[PDB]
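Report on one structure; see the data block that follows.
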Amino acid sequence: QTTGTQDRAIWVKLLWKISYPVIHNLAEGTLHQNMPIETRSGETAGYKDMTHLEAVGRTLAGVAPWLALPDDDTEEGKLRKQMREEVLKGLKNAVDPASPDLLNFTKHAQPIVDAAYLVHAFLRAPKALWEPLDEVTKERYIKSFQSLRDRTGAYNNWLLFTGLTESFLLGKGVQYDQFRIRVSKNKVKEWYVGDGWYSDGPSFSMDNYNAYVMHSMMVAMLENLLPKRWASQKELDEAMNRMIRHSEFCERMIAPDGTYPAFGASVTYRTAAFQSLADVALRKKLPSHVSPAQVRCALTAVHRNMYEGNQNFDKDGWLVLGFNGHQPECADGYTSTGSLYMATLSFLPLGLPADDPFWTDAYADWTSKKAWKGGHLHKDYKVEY
Amino acid sequence: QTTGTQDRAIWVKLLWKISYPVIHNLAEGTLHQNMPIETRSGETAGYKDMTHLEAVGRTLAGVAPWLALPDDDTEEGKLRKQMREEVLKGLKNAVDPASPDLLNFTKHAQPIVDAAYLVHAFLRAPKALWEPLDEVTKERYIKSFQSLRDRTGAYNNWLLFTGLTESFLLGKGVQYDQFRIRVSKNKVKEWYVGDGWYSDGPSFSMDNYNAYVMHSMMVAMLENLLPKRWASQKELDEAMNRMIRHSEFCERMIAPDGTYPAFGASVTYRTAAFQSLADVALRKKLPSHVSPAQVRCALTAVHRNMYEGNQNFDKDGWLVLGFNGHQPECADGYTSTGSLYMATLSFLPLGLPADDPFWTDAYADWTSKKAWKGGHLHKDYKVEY
Amino acid sequence: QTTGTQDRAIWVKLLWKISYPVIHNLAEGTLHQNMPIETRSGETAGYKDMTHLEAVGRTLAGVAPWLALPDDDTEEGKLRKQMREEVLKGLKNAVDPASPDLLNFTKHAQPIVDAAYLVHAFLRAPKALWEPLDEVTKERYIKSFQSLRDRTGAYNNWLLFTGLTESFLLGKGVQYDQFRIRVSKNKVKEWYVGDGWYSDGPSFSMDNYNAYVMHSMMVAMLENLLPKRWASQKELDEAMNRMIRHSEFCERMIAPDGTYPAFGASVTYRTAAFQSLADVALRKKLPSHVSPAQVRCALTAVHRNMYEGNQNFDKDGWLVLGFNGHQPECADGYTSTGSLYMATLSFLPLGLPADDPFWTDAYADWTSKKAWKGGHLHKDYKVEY
Amino acid sequence: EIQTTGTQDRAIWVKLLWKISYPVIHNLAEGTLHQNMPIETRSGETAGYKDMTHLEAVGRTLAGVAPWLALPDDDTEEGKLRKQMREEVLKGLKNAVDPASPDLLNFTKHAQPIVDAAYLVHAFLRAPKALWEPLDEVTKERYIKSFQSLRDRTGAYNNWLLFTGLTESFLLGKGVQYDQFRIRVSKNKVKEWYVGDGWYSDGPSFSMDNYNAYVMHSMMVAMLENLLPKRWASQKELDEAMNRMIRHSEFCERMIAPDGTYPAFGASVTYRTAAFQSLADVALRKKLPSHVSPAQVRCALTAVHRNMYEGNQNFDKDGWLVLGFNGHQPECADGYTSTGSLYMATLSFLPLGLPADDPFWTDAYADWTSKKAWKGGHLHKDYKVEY
Ligand SMILES: N[C@@H]1[C@@H](O[C@@H]2O[C@H](C(=O)O)[C@@H](O)[C@H](O)[C@H]2O)[C@@H](O)[C@@H](CO)O[C@H]1O
Ligand SMILES: N[C@@H]1[C@@H](O[C@@H]2O[C@H](C(=O)O)[C@@H](O)[C@H](O)[C@H]2O)[C@@H](O)[C@@H](CO)O[C@H]1O
Ligand SMILES: N[C@@H]1[C@@H](O[C@@H]2O[C@H](C(=O)O)[C@@H](O)[C@H](O)[C@H]2O)[C@@H](O)[C@@H](CO)O[C@H]1O
Ligand SMILES: N[C@@H]1[C@@H](O[C@@H]2O[C@H](C(=O)O)[C@@H](O)[C@H](O)[C@H]2O)[C@@H](O)[C@@H](CO)O[C@H]1O
């Protein structure tokens, strides 16, 4: 039905619908005032100290590739530029000690996680979202990222979060902790179990956290370590090839009706279950059996199944606790309204230009859709790397 | 739409459509003459020595619980008594040296696999499928199961097959290889990676072999080792809970349209991907937030999406290579027509009586269906056991 | 003080003091009649079913290389011929059910250990101790080794014993168990911990069992599997190289006074603690900076510290429970008089001819002797292989 | 005859511990350690070594003499020697971080200071009242900053992790800023590296050498002790390392030969009797196992002490340690070993930190295990443990 160009307009519309309340309010210093703090228990204490950074860091981590595109004068180009300026205005506010939207980095341990997503935003759009900020704003982000070191010894997983962050400071040529990078890189490698899956900690689990955290961030950390001879091209390649393998499962779990199963912890992160697939696509490294077009069509179906209606939004435009609908019963205890903005992490292909094959090739059936209609189903097999 | 009593009727109709060509031809001694030998390459050499025992063992492993029921006068009862007699007659012919449907145990290593599935049939229905056999037939199977030690080894993902087969021999009071049972038990425990998942051999894959082989056989073997103190109630509970946890994911991977992802090796085994769910349901051990009726309805959707139409059958009603359609391009090199009769393994809940709540309870949306329409969605989390 | 030629005359004399009471009695049919059964508890029930095969198989495995030499007219050459002939005679009585000295292979699991040692004798001197046996005697040994499989014994550190035994059956072209060879080969490798040390079981231990069993039997098993493509040359070099490393520690723990530490389990096996050193010496594969002569002089000092006097012998010339003297308190509960004939296992260098540099090169201090007196001391360091 | 008493044995250990350690301690007090201490290396090069070897001499020396100095003062001839040497130590410790002093020690250059700061920290942990508390507050703060400046050179070798962990636990104990993450990682990596029967691996690679005595056991236990009161390491963990050390000491006590030698094997045999720090530490804690008595440990290590220090074969013409094992044998020195490196030799004298009236020093002579076994005496059965 819809074309690649129409698909892009859909993604733009849905990505705007998710991310704009976060970005715009931060730009107006009203994010604390206007964003709900919805929790399963209903308690806001504790949550209120951490939830805004989660919203900013997760929102920008997903919109960043789109905003890294060169400006132009298309109807989309206007939107990209309007969004980017509001983002930069927001980031100055988030570290301005005088702004009512100043973001917490010191109370609680949770800031470790979401500074990593804010760093991923920067690593995905450095020329668009980091460099234009003024030097005092840059310094505050440098100091805020460094201040996280008094809590990083905490949760076993969360190791990679602070590795990503320290490798960000290494790549910005300021003080960084070699130890936290060596430990986290080496532990993520040890946590590989096979066939494109790590464990997020000592015990393996079948959940979406390989796409939520592990694959995208390990590659991004290793890329930072490479130029300084801290990681080798061989272990960058090994992590990259493992993300490419993990994406095959993610593409294959999209059903013919454009749904995907709800399993494991934090199903409230919705389409961030596909960040592995989305990152691989943005890097033009999709597996050989998978055409870009079928990734665009599958994720377009998932996107409109989950964000075109308002089942996942409240009366003022914010994401509500749930999976597809208002389902607070499925939210983990650490989840609040801010954490839900993991939703953006499937929209990374927007960082491909509008003239990329991914957005221009004719519609294509994705794997499961071919499988169930008697079409060409490729053989799949475990990999040993 | 349909009621539980209709769902039972559909399952019987569809299990009949899968297994009757195999059981009837073997009973009449024309299984070799009539059954196709389809392969991805088109060659029949090698395959023709092993494909028939594949069809017989794989089929019986799945239909055995249904045939363990006591006899009734009802229409369904007439079907059961009729099918059971043809299995008994076919089992006689299969080790009769004069019958043209003599099956191969002695050439190649592959009879190791399929002897284990045939053993499983005997294990799931001893009084209905084993005790009625004549003494000569009994000793012939005992001898041929013992002749399999000659090939053995690979130390890999066939090891659990021989462990099941030697545990059968132990349960029957005959000579058996204690070392093979011990190595299979300890190695399968050591291959547990977590959250209900084993690795099949020393290599983790994300595929259906946990359903195809691991959970159902490990539990069945331990149950054979329990009476004689070769396994403990502790390690049996361990495997039982591991299978139950695994079933949680399989139930959740049924999409609202009654489909499920195609991923990993041997996707050609179709609904065998749900044996772990089917075995748990038969044992009345579904995790208590997963109702028996919603398992019945979910697998009714999968069962007729794959078997009610003929996209998976040739002109004579045999299974063909593929997933949903004739798709020989998804088949593994080792796969042939008889391999496909794994398809029976999701029908084990027909071993539950017609008045069991599994077949009599109200219609119920399975987990994905509720999740995507905005109904209750039970939170999930990784387990440590 | 003493020359190489005299050193050899001492090894022959002391080896004769140890091995002849076992060998001569077995040849005369009087081993059961004459050999004591000494135990820490003083009990003999149970021990009396197994101690005799312990004595034979442990004794032969140490004298075998000496007996593999070709005959000559020298004072020492006449002794080899006399001993080999008594060994052949004893071996025929051993499986002769008319002989009073028919050894037990059927009661208890212990036969697994000592059959393996008996097998090691044959492997070290095939031409001299196996090939001259009559055909009925050869077949009885084949049946006796095969009849052990019913007793796994588990213990998991008896795996190498059955693996060596089975690989001996393969080496003779008769029916062997593949599975047992494969599992024992792969387990010992899994049990490598580093730096020339295996763990003899799940956990590492600092004891002499690496020299009692692991290295010599692992190298010997692999050498059997090499012709039949059953193990690669690379995994034979690996095991060989690990033994050569281990021998360095054993060479170095011989103190300047010709003692060595008493430590770990089963110190009652006495100079068998040097079996890896002795086997490396026999194979002319000592490392660069370990002279063959210094191994000769180091082991000569140990050999007469323990065997020249009578502290370790009883009034009848049999080994007694102890380290150096009658010290039954250090015996394991499973140990009896027969167990003690592991003491032959440091005498393998007599498998080198008298004209070999090991026996003709002039005296030389050993590593600890040189170091404590101030001479050259080569840098040691851990190895990675 | 040749068999000494317990009172004599303590005197011999004082004489010998004094022969090793007084050149280092007295020169640092005088401020002439850089001037006078040799810098001996197998190659002969001094570049790089001269930046690290002085802290090596200081930290290693102090970690071995520290228990002796923890004893309260008295007016015996030995109590005089402790008072004098202690006061020189506090003098040398002031010079060591005086920017004015010429014996100022390096903490900024190279990675090696991580190692030797840890040994110095271990002296402080073994005699807090005697070597740390009497320091002026300026000198104390200076040490704190030097220990904290070690984090910028980090993410170093597989091993060395225990060193930084002990250091960070020391800063934890003093109530000053510490890196909790470096503590969490070194506690857990060491727990993962246990292979069994009393042996860790020093990093991912297992090796049969004396580094379980050199570093592993004493610093693991000493680190967990700092972690216990602070709700950061359980009694279960601390007793676990403690029993593992007691098991390790059984092998080390057993490897002493009847003639009073021990085998040279594995890396850095140049550390000489540091191969007995595990035995020495367990003897000092009075947690020897049931079948090894304090007397046989004293007598065994008295034989070892004077087989290597009574004579001058390990000393140069000025009383400095030379490269080797028992003699001038520089060919067994690793490339990282200098003259400072060799003052690990003090770590076997920990039992001098038991008072002169302890059973360790008062009980009659007693053969040690190997000595008893080779002459036909009681030999206790050994067996691998599972803990
Ligand atoms: N609160 C702990 C929990 O923290 C959660 O971790 C997530 C992750 O990526 O691991 C992150 O997405 C989320 O924002 C954060 O709240 C997590 O550490 C688990 C597992 O140890 O335990 C919870 O106590
Ligand atoms: N024939 C080999 C093949 O064996 C296949 O293994 C499957 C399994 O359990 O993994 C089993 O379901 C199937 O019936 C059996 O044919 C397989 O082991 C592959 C590699 O895994 O190599 C083939 O030679
Ligand atoms: N009897 C068991 C005991 O067997 C002993 O094992 C030794 C070995 O090689 O492991 C062997 O040298 C000796 O002949 C044999 O008697 C031992 O396996 C221990 C530990 O598993 O348990 C005892 O019951
Ligand atoms: N410089 C490296 C070297 O450092 C040495 O480590 C020793 C240890 O504990 O392993 C320590 O005793 C010594 O003071 C220190 O200089 C060592 O890490 C080795 C590792 O093989 O490599 C050397 O480059």
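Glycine gets a Cβ as well: all are built from the backbone with ideal geometry, and neighbour counts include every protein chain shown. Read the figures in this text as sums done on the coordinates, not as results from a lab.
Here are some notes:
- Condition met for B:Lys315 (without any contact (Cβ under 8 Å) to a residue 40 or more places away in the chain, more than 14 Å from chain A (Cβ to nearest Cβ) and either surrounded by fewer than 22 Cβ atoms within 10 Å (Cβ to Cβ) or among the hydrophobic types (A, V, I, L, M, F, W, C) (or both)): yes
- Residue within segment C:319-338 that is more than 14 Å from every other protein chain (Cβ to nearest Cβ), more than 16 Å from ligand 2 (Cβ to nearest atom) and either surrounded by fewer than 18 Cβ atoms within 10 Å (Cβ to Cβ) or assigned to a loop (DSSP other than H, G, I, E, B) (or both) present: yes
- Residue check for C:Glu251: within 19 Å of the chain's Cα centre (by Cα), part of a helix (DSSP H, G or I) and within 14 Å of chain D (Cβ to nearest Cβ): yes
- Among the residues making up segment C:160-201, those that are more than 7 Å from every other protein chain (Cβ to nearest Cβ) and β-branched (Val, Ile, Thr) are C:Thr162, C:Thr165, C:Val174, C:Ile181, C:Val188.
- Which numbered condition A:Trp230 misses (of (1) surrounded by fewer than 21 Cβ atoms within 10 Å (Cβ to Cβ); (2) touching a residue at least 60 places away in the same chain (Cβ under 8 Å); (3) within 22 Å of A:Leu53 (Cβ to Cβ)): (3)
- Looking across segment D:113-148, the residues that are more than 14 Å from ligand 4 (Cβ to nearest atom), under 29 Å from A:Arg180 (Cβ atoms) and touching a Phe, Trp or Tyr at 6+ places or on another chain (Cβ under 6 Å) come down to D:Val121, D:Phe124, D:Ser146.
- Options A:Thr137, A:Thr152; residue that is in contact (Cβ under 8 Å) with a residue 40 or more places away in the chain, of a type in the set (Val, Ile, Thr) and either out of contact with any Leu (no Cβ under 7 Å at 6 or more places or on another chain) or within 16 Å of ligand 1 (Cβ to nearest atom) (or both): A:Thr152
- Selected residue (criterion: farthest from ligand 2 (Cβ to nearest atom)) from residues of segment A:89-100 that are surrounded by fewer than 22 Cβ atoms within 10 Å (Cβ to Cβ) and under 18 Å from A:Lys143 (Cα atoms): A:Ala98
Condition check ((1) surrounded by fewer than 16 Cβ atoms within 10 Å (Cβ to Cβ); (2) within 22 Å of C:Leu103 (Cβ to Cβ)) across all residues:
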| position | (1), (2) |
| --- | --- |
| C:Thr137 | no, yes |
| C:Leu170 | no, no |
| C:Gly173 | yes, no |
| C:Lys185 | no, no |
| C:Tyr198 | no, no |
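- Contact map, segment A:374-385: first residue touching a residue at least 24 places away in the same chain (Cβ under 8 Å) and more than 7 Å from chain B (Cβ to nearest Cβ), second residue among the acidic types (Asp, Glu) and in a loop (DSSP other than H, G, I, E, B), Cβ cut-off under 8 Å, separation 6 or more or different chains; pairs are A:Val383/A:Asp195.
- Looking only at segment D:180-201, and only at residues there that are in a helix (DSSP H, G or I) and charged (D, E, K, R), the one that is farthest from ligand 3 (Cβ to nearest atom): D:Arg182
- A:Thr39 being surrounded by fewer than 22 Cβ atoms within 10 Å (Cβ to Cβ) and either farther than 18 Å from A:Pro65 by Cα or free of Cβ contacts under 8 Å to residues at least 24 places away in the same chain (or both): no
- On inspection, B:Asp361 does not qualify as touching a residue at least 12 places away in the same chain (Cβ under 8 Å), more than 12 Å from every other protein chain (Cβ to nearest Cβ) and over 16 Å from B:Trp11 (Cβ atoms).
- Filter result for B:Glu131 (assigned to a helix (DSSP H, G or I) and not small (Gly, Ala, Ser)): no
- Subset of segment B:139-153 [surrounded by 15 or more Cβ atoms within 10 Å (Cβ to Cβ) and among the small types (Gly, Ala, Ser)]: B:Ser144, B:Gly153
- Residue check for D:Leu342: crowded, with 16+ Cβ neighbours inside 10 Å and more than 14 Å from chain C (Cβ to nearest Cβ): yes
- Apart from one condition, C:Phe204 fits all of (1) within 14 Å of chain D (Cβ to nearest Cβ); (2) assigned to a helix (DSSP H, G or I); (3) free of Cβ contacts under 8 Å to residues at least 40 places away in the same chain; the exception is (2).
- Filtered residues of segment A:63-75 (kept if touching a residue at least 12 places away in the same chain (Cβ under 8 Å) and over 20 Å from A:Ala343 (Cβ atoms)): A:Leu69, A:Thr74
- The residues on offer are D:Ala267, D:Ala275, and the sole one that is within 13 Å of chain C (Cβ to nearest Cβ), touching a residue at least 12 places away in the same chain (Cβ under 8 Å) and in a helix (DSSP H, G or I) is D:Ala275.
- Single condition B:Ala362 does not satisfy, out of (1) under 23 Å from A:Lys369 (Cβ atoms); (2) surrounded by fewer than 19 Cβ atoms within 10 Å (Cβ to Cβ): (1)
- Residues that are under 24 Å from A:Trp66 (Cβ atoms) and either of a type in the set (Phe, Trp, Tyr) or within 13 Å of chain B (Cβ to nearest Cβ) (or both) were ranked within segment A:278-301; the one that is surrounded by the most Cβ atoms within 10 Å (Cβ to Cβ) is A:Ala298.
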